[PDB]
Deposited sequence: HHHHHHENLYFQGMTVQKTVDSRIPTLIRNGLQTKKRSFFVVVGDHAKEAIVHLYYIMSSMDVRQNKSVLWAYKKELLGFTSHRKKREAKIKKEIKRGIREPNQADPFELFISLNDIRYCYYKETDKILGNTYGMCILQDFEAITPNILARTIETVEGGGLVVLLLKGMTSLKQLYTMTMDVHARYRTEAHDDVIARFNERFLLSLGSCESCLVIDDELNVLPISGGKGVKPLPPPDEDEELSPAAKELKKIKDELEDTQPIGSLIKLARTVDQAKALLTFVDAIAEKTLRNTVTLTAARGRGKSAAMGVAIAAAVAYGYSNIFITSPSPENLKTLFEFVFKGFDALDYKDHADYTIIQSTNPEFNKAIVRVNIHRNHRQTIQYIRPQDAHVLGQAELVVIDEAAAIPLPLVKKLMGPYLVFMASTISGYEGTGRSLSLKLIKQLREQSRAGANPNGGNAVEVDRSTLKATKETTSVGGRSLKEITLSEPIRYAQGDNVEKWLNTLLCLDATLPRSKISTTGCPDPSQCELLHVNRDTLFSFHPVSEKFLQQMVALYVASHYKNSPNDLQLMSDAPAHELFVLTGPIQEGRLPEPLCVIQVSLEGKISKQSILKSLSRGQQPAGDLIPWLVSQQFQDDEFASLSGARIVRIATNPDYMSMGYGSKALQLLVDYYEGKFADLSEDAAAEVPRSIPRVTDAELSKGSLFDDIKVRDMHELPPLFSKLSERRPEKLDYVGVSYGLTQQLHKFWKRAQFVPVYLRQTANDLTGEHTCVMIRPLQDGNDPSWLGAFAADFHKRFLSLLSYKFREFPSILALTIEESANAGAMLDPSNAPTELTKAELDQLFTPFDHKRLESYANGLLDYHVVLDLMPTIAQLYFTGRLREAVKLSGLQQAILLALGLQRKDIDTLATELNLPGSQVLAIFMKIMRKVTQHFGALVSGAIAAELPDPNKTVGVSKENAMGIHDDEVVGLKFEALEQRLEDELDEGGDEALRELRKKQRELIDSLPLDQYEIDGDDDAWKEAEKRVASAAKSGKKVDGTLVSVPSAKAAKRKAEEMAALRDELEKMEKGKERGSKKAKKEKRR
């Protein structure tokens, strides 16, 4: 006698085409799943689909009757863009937030989601379970890890109306939030149909006569997708290259699939040069899948009218790089990286999938005097921050000849308003004068306790620091929840009682350091790296130092303010409060844990700070971001040569010696060493730096070198000048300074003069303005051509020569005076 709730929930999910959720507890879950599949199959025959099964590393007879796909947790990326009738998760030890999102969105509506839990006497042991991720965050300085994600995961099962926590012998648990589910009325679909379906049938048959719309539009499944297809084709049909269509929606809405049909329409419309740009070739798996689907709807013949060129040479062997069409005249569909903007000088259509993830300058150069298609993801898994989307939307409007924007709401695989989708979005959190503001430390125990007040703030703070991420990674939530030493700080204004304060800025601080001299020397003699810390474990390796790792410090993992209050002062003010705080300036029912709840908003005054020596931040170098860090008295110590592939910017590490009463000389050695490294390294992979940006780093690094008085530079004597330049070199300089010689001859002297000036030897003798320093820096250490410098400075080439010659007569006169005197 099976319980009647399981058949009731299964029928409810199938009738409305919304996913159902189940969790099995026990060591004999094989009996449960086969009974679950029996109920699902005995009530409907349209669900005999693939049963996705994921593990890290009778039932025997039944597994040989239905299609089962076994996919590894690390290999779950291969099932992207697919559809399965049931998702199964077996090993709890490896279901990260990223994996949970990936294996859930690939389930069709009306299916089942079943999660396998190992044999348990009671469910109270799940909150303290070990994982495969706390093993990452273990450090010798901070080892103990408190598991909080499992606490939130088990408490959130009650907030899902389609979740049934089933048992080994088919029994329901009180923690399940769907125990009170009532059966739906019997379906009546013989004549009555959903209004969206009637609207979808209306638009399909209305344009059936017209071609190529009549054949392509049958591929659409939603009204929102269909309206995008007409919007795309309408731009194509005008045969005018002054259009631009921007599409934004969530993940799983069909923007990429609708993008492919738009491209297939353009091919049939007589378009020769078609280009696709995307952050990764992986994102084009579905886009190129529906181009062929659209081609099949157009009755194109394989190996006769089109060919598929697969770029199997690189690691992404499955990626499609080019498709050639030779029906009447040779038409082509080429996939290029966003950086390759030179090929687009002859194009007619550019499709930019996931344009939000592309850096804004790349999109700016990608768009030209042709037709551009754009798609973006604003919510859901792998979403984008609201700030970058706003920047992209505003930028396109400035360029506007015609721009049209559309949106998609209804999903494809599951009905809108899905219960499991809402539960997962909530679980992963996918979607005043500064002087009066005060910083508050957020207690992580109450924050992730799934309390209604706690949950509301968690959504606000999560959306605060993911508002600028190029891609939304849910694994960061696992990081904050289960970190051993990460502390969360929020800056709020003066807020009255009864109203939760609005987070104006969120700072995540990780405690780093306390490295024993044995541990550093053990691994500095090898190539292995625990990578528990970043700032102490990099400066020690980069500088081959032994004392810095022994210090104790903090790493600013993430700092973000509200996008509405940007450039107002709520970020710098939070940093100063955080800096002063570390300076010691402030002296089987499983209900939510109502007890053991400390004040969520524990003020900094009532908590004693730790004794810290420095604060460090590792961040992607940008001119605006660097200016903010330098304002907070940070000095660079490191700057990675290999620019990040996704963003195109170099990682920069800054360290501030916040502790007062301590020697500011251990950092003076680090800043000086980097400063002398930067000058010589300005020609290796730093040649692409703008002159102004590279100058600012040099000034900041030089300022940091002044923390140590022993690093003060000495003047240049006459004896040193003679050792550096032969009399032939001097006579060349005098003639050029008089305007009697071309500048090309005196060009080998750039490294000598520029190094002398920027190392401080010539800095006090001759004073140069901001513009002259930038030209000398580029010509001397970046080895930039004059024409390249003229373009970058937005100045004529002759004017650059005039400024450069001004630099010489200042240097030439001092050199002559030094030798003569």
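Residues 1-18, 76-106, 450-479, 511-523, 680-708, 943-1086 of the deposited sequence have no C-alpha coordinates in the model.
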